[PDB]
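Observations on chain architecture
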Protein chains: 2
Amino acid sequence: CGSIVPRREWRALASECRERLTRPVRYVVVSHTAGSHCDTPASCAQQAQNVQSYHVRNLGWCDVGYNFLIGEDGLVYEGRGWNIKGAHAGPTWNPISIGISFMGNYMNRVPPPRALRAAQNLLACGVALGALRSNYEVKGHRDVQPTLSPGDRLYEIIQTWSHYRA
Amino acid sequence: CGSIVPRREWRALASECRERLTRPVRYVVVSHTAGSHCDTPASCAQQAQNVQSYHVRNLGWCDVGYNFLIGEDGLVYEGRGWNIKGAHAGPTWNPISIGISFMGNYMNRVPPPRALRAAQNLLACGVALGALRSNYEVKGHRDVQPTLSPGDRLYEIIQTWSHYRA
Ligand SMILES: [Cl-]
């Protein structure tokens, strides 16, 4: 499901994280990377590489912090996946959430419809696989942490999603 | 289920097809367009437009002949959809099948894994929706019509699919 781009396909470094999420997960936190935007499979694969590079080598993390990344190419990029706890929303929310991050800065841009489609489809695939609860709740990154993420315009959109709860 | 680029998004001309398929459909016929390939959302949306233009304007069909198109950008493009009979495999197979076409020429190229993923994912959602049978069968275009489509290399791959039946 999701036609998710797997780790090796975007040339990811090997994970070394061990902490597992306890399925089914009840929460989904939507962020933005506040990094560069990308609109092709080649450029978004490079961008997921860059995001992981910063988390791995500079911040010293066991892997890219997000469970999944959404490109403006309309594709979902595998981060830590469904079963591995992320590092994207702080110690309160990391073990009870799935963190999906839109690659870009969305204070003054909206992501394209195909990016939003990929995100909602990804969440449906998480329900189908048992990784998410049927009644999962979507939160903005700014609703759980002091941050402008996921950006004003993207935040406006996710507030209209049927599973969003402030 | 599934993420599909809708007709209006790739700026399709309005369909005038009326004849319906009978759910659930038993057969899926995999073609290639034998035309240009594309690996970005912008270029693949244009390519779906070009394919439809040739079918509608030159061949005089009611819409693009394919039920769905697959781009090398990794996205699925809505053709006639799940419920409308296509024009892709001749009068014997058109009324009993779903026609999916990889946009490109795959005599000497393989489609990228993300294109293959998009096609397999699309068929799974067809089953989930009830548009396809649980036990649908995948055929190559050359298995039902005299043609090189879907191309030697693509044909080699679909023969390895679990629902393939020569
Ligand atoms: Cl970490």
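As documented in the archive entry, the model was determined using X-ray crystallography at 2.30 Å resolution.

The name the PDB entry gives chain A is Peptidoglycan recognition protein 1, with Camelus dromedarius as the organism. The record for the entry shows the title "Structure of the ternary complex of peptidoglycan recognition protein-short (PGRP-S) with hexanoic acid and tartaric acid at 2.30A resolution". For chain A, the Subunit comment in UniProt is given as "Homotetramer." As stated in UniProt under Sequence similarities, the record for chain A gives "Belongs to the N-acetylmuramoyl-L-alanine amidase 2 family."

So, on to the sheet that holds strand β3 (residues 76–78) of chain B. Residues and elements named next belong to chain B. Pairing is mixed in the open sheet, where 5 strands are placed in the order β3-β2-β4-β1-β5. On the outer flanks of this sheet lie β3 and β5 (132–140), each paired with one strand and no other. Taking the axes of each pair of neighbouring strands and ignoring which way they run, one obtains an average angle of 25° across the sheet. Relative to β3, strand β2 (residues 68–70) is paired through 3 bridges, and the arrangement is antiparallel. Directly across from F68, in β3, lies its bridge partner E78. Here helix α3 (residues 113–129) sits on the sheet and contacts β1 (25–32), β2, β3, β4 (97–102) and β5; the angle it forms with β5, its principal contact strand, is near 145°.

The next subject is the relation of the copies chain A and chain B. The operation relating chain A to chain B is a screw motion whose rotation component is 180°, with 0.3 Å of axial translation and a residual RMSD of 0.3 Å. Between the two chains, the operation in question is that of a two-fold axis. Considering only C-alpha atoms, the part of chain A nearest the rotation axis is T40 of chain A, at 2.7 Å. The share of interface residues of chain A whose copies in chain B are also at the interface is 100%, consistent with both copies meeting through the same surface.

Take the interface of chain A and chain B next. Across the boundary between the two partners, chain A contributes 18 residues, which contact 18 residues of chain B. Summing both partners gives a buried area of about 1200 Å² for chain A against chain B, and 49% of it is carried by carbon and sulfur. When residues of chain A are sorted by the area they lose upon contact with chain B, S3, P41 and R117 of chain A head the list and together hold 40% of the total. Joining chain A to chain B, the criterion identifies 2 salt bridges. Inspection of the chain A/chain B interface yields 8 residue pairs in polar contact. Take the side of chain A that touches chain B: its biggest share by element is 5 residues, from helix α3 (residues 113–128) of chain A.

Each aromatic ring pair is characterised by the separation of its centres together with the angle its planes make. Evaluation of the coordinates by the stated rule reveals 8 aromatic pairs over all chains. Taken together, a centroid distance of 6.3 Å and an interplanar angle of 85° make the contact between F102 of chain A and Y106 of chain A edge-to-face. The exposure classification of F102 of chain A matches that of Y106 of chain A, with both residues buried. Centre to centre, the rings of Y27 of chain B and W93 of chain B are 4.9 Å apart; their planes meet at 80°, and the pair counts as edge-to-face. Placement of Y27 of chain B in strand β1 and of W93 of chain B in helix α2 (residues 90–93) is noted, with a sequence separation of 66 residues between them. Look at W93 of chain B and you get buried, because its relative accessible area is 19%. Looking at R142 of chain A, its charged tip hangs above the ring of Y155 of chain A, at a distance of 4.5 Å from the centre.

Residue and element names in this part refer to chain A. Across the sheet, 5 strands lie side by side as β3-β2-β4-β1-β5; this open sheet has mixed pairing. This sheet does not close on itself; its edge strands, each paired only once, are β3 (76–78) and β5 (132–140). Between one strand and the next, the sheet's axes are offset by a mean angle of 25°, whatever the strand orientation. Where strand β1 (residues 25–32) meets strand β4 (residues 97–102), 6 bridges bridge the pair, whose relative direction is parallel. Note on β4: the bridge partner recorded for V28 is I98.

A separate point is the side chain of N94 of chain A. Residues and elements named next belong to chain A. Along the polypeptide, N94 turns up in the loop between α2 (90–93) and β4. Among the polar contacts made by the side chain of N94, one reaches the main-chain amide nitrogen of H88 at a distance of 3.0 Å. Those residues in contact with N94 that sit more than four places away from it in its chain are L21, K85, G86, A87, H88 and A89.

Two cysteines, two sulfur atoms, one covalent bond between them: this is a disulfide. Residues and elements named next belong to chain A. Taken as a whole and assessed by the stated rule, the structure comprises 6 disulfides over all chains. Here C17 engages in a disulfide with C62; their sulfurs sit 2.0 Å apart. Between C17 and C62, the disulfide has an S-S torsion of 90° and is therefore right-handed. Taken together, the positions of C17 in the segment before β1 and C62 in the loop between α1 (41–58) and β2 (68–70) put the pair 45 residues apart, joining distant regions of the chain.

Residues and elements named next belong to chain B. Burial analysis of β1 places 7 of its 8 residues in the buried class, the great majority of the element. Pairing of β1 with β5 involves 5 bridges; the strand directions are parallel. In the strand pairing of β5, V29 is matched with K139.

Criteria and thresholds
- Residues numbered from 1 in each chain as written, not as in the entry; some residues may be left out.
- Chains lettered and ligands numbered in written order.
- Heavy atoms only, no water.
- UniProt positions renumbered as here; feature names shortened; annotations may be inferred.
- Pairing = 2+ DSSP bridges.
- Helix = DSSP H or I, 4+ residues; strand = E, 2+ residues; numbered from the N terminus.
- Axes fitted to C-alpha atoms, helices over the stretch in contact; angles between N-to-C directions.
- Contact = heavy atoms within 4.5 Å.
- Least-squares fit on C-alpha atoms.
- Buried area = accessible area lost by both parts, 1.4 Å probe.
- Salt bridge = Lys/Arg side-chain N within 4 Å of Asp/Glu carboxyl O.
- Polar contact = N/O pair within 3.5 Å; in protein donor to acceptor, adjacent residues only side chain to side chain.
- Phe/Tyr/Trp six-rings, centres within 6.5 Å; stacked < 30°, edge-to-face > 60°.
- Buried < 20%, exposed > 50% of the residue type's maximum accessible area, 1.4 Å probe, protein only.
- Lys NZ or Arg CZ within 6 Å of the ring centre and 35° of its normal.
- Disulfide = S-S within 2.5 Å.

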